[PDB]
Amino acid sequence: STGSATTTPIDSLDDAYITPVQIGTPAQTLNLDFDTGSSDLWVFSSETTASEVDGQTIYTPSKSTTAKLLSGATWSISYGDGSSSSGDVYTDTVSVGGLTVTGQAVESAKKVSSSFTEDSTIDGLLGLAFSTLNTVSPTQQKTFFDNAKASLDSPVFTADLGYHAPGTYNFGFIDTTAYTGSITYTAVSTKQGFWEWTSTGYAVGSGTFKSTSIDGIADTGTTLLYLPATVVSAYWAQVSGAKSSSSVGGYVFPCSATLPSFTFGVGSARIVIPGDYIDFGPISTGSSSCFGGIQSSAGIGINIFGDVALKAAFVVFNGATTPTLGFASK
């Protein structure tokens, strides 16, 4: 089998992407944030504290003839940005772009933190990291991909995120029309439960490529590109007036600037992030100070190839017995 679904930016800055997901019988369609950096499929629901729901579409398990309470199971998750959610668990039928999993753990939120409440466009998350990170207790549950894998034509999914435009998540096949040149594959460590890999270096604008190993994670659920302070300083030094602002929480730059591109290495291959992808707009409405899309990972404890990087590529998440990651230009 295969599946194919369009993923759509939630706003004009590509702060996140939402993909429609069918849950239950009859289908209840929720728009979920597909997150290769976590491993829980959780939804706003009829069980979510009412004051914490503000515009989201909810899953109502009592209206699904295939929903079953997973007795005794609870979940609770905290994300890198400090947001969180928790609740109980149902199993139900979940379909993405025509690909159907029966008995998928659907984690129903009883509580969500303010950032979730305040984002009316995201109805939940669909985790695509390794199932070892799933938070369901006392019996850990499998991701949608892990459940689908054996049925797929090939044990892969691909992320093709757009810049200020829709893109595509495919399951079970590689669309050879969706990229240019070849896909370069690179080794993955699953030891921390992430799609963790090592970039071979970087360049800033038309500058020379610096060969250096940068370990980090391919994370569709993180907006920005988080890299070591040395790398980030080298980038922003090429933007007149750019500076790190402790009050704002990162590098900012004059909105009048033209940003240079940023290149990262995948083996001997190179992915080029155009400068415009690195502009996240005014820090506050009407400001002429703009927020940068490349930020320091210092104090995160891990480098993160988030949407800023991934959207410059066609990305293969290869879930073969030994997983690997592939990157192509597009």
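Start at 1 with the first residue, then count along the sequence. The basis for the numbers below is simple: all heavy atoms, side chains too, and nothing from hydrogens, waters or symmetry mates.
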Colleague: With side-chain hydrogen bond (donor to acceptor under 3.5 Å, both in side chains) as the criterion, how do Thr222 and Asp219 come out once you've worked through the C-alpha distance, each side chain's angles and the decisive distance to 0.1 Å?
Modeller: CA-CA 6 Å; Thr222 290; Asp219 186 358; 2.8 Å; yes

Colleague: For the backbone of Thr190 and the side chain of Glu196, can you confirm whether one donor and one acceptor N or O come within less than 3.5 Å of each other?
Modeller: no

Colleague: List in chain and number order the residues that pass side chain to side chain donor-acceptor pair (under 3.5 Å) with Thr324, two or more places apart in sequence or in another chain; answer none if no residue qualifies.
Modeller: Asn318

Colleague: Without swapping roles, check the side chain of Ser296 against the backbone of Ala298 for a donor-acceptor pair under 3.5 Å.
Modeller: yes

Colleague: Quick check: does any side chain N or O of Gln295 sit under 3.5 Å from a backbone N or O of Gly293, one acting as donor and the other as acceptor?
Modeller: no

Colleague: Would you sort out whether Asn134 and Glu107 count as a side-chain hydrogen bond (donor to acceptor under 3.5 Å, both in side chains), showing the intermediate values?
Modeller: CA-CA 11 Å; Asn134 176 267; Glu107 300 173 36; 3.1 Å; yes

Colleague: Report yes if some heavy atom in the side chain of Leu259 is under 4.5 Å from a heavy atom in the side chain of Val239; otherwise report no.
Modeller: yes

Colleague: Quick check against the 3.5 Å criterion: does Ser1 have a side-chain atom that pairs as donor or acceptor with the backbone of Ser151?
Modeller: yes

Colleague: Between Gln56 and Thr117, is there a donor-acceptor pair closer than 3.5 Å when you use the side chain of the first and the backbone of the second?
Modeller: yes

Colleague: Determine the minimum heavy-atom distance between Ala109 and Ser45, stating which atoms define it.
Modeller: O-OG, 3.2 Å

Colleague: Could you pull out all residues at least two apart from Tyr277 that satisfy ring-ring contact (aromatic ring centres under 6.0 Å, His included)?
Modeller: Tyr163

Colleague: Within a strict 4.5 Å, meaning less than it, do heavy atoms of the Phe291 and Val248 side chains meet?
Modeller: yes

Colleague: Assess, by modelled atom type and distance only, whether the side chains of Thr2 and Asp153 contain a donor and an acceptor separated by less than 3.5 Å.
Modeller: no

Colleague: Within the 4.5 Å heavy-atom criterion, are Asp160 and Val315 side-chain neighbours or not?
Modeller: no

Colleague: Are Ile23 and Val43 close enough that some pair of their side-chain heavy atoms sits under 4.5 Å apart?
Modeller: yes

Colleague: When you measure from the side chain of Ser39 to the backbone of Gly127, do you find a donor-acceptor pair of N or O atoms at a distance under 3.5 Å?
Modeller: no

Colleague: Please identify each residue that fulfils ring-ring contact (aromatic ring centres under 6.0 Å, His included) with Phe280, with sequence neighbours left out.
Modeller: none

Colleague: Would you say the side-chain atoms of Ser284 pair up with the backbone N or O of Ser287, donor to acceptor, closer than 3.5 Å?
Modeller: no

Colleague: With side-chain hydrogen bond (donor to acceptor under 3.5 Å, both in side chains) as the test, would you mind laying out the steps for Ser131 and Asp146 before giving the verdict?
Modeller: CA-CA 7 Å; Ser131 292; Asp146 206 340; 2.7 Å; yes

Colleague: For residues 264-276, please give each side-chain donor-acceptor pair under 3.5 Å, one per line with the distance, not counting sequence neighbours.
Modeller:
from: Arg270; atom 1: NH1; to: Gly267; atom 2: O; distance (Å): 3.0
from: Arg270; atom 1: NH1; to: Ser268; atom 2: O; distance (Å): 3.4

Colleague: Do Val96 and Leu32 have side chains that get closer than 4.5 Å, going by heavy atoms?
Modeller: no

Colleague: Enumerate the residue pairs fulfilling side chain to side chain donor-acceptor pair (under 3.5 Å) with a member in residues 201-217, sequence neighbours excluded, ordered by first and then second residue.
Modeller: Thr198-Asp215

Colleague: Quick check on ring pair (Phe, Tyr, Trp, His ring centres under 6.0 Å): which of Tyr79, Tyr90, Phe144, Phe116 does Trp42 satisfy it with?
Modeller: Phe116

Colleague: When you measure from the side chain of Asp33 to the backbone N and O of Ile18, does any donor-acceptor pair fall under 3.5 Å?
Modeller: no

Colleague: Below 4.5 Å, heavy atoms only, C-beta onward: do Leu325 and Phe317 meet side chain to side chain?
Modeller: yes

Colleague: Would you say the rings of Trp236 and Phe262 are close, in the sense that their centroids are separated by under 6.0 Å?
Modeller: no

Colleague: Give the table of side-chain donor-acceptor pairs shorter than 3.5 Å for residues 167-178, with sequence neighbours excluded, one pair per line with atom names and distance.
Modeller:
from: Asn170; atom 1: OD1; to: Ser4; atom 2: OG; distance (Å): 2.6
from: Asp175; atom 1: OD1; to: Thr177; atom 2: N; distance (Å): 2.9
from: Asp175; atom 1: OD1; to: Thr177; atom 2: OG1; distance (Å): 2.6
from: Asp175; atom 1: OD2; to: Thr177; atom 2: OG1; distance (Å): 3.4

Colleague: Picking from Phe305, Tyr179, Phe314, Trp197, what satisfies ring pair (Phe, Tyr, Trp, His ring centres under 6.0 Å) with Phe327?
Modeller: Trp197

Colleague: With rounding to the nearest 0.5 angstrom, report the CG to CD1 distance, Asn31 to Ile122.
Modeller: 9.5 Å

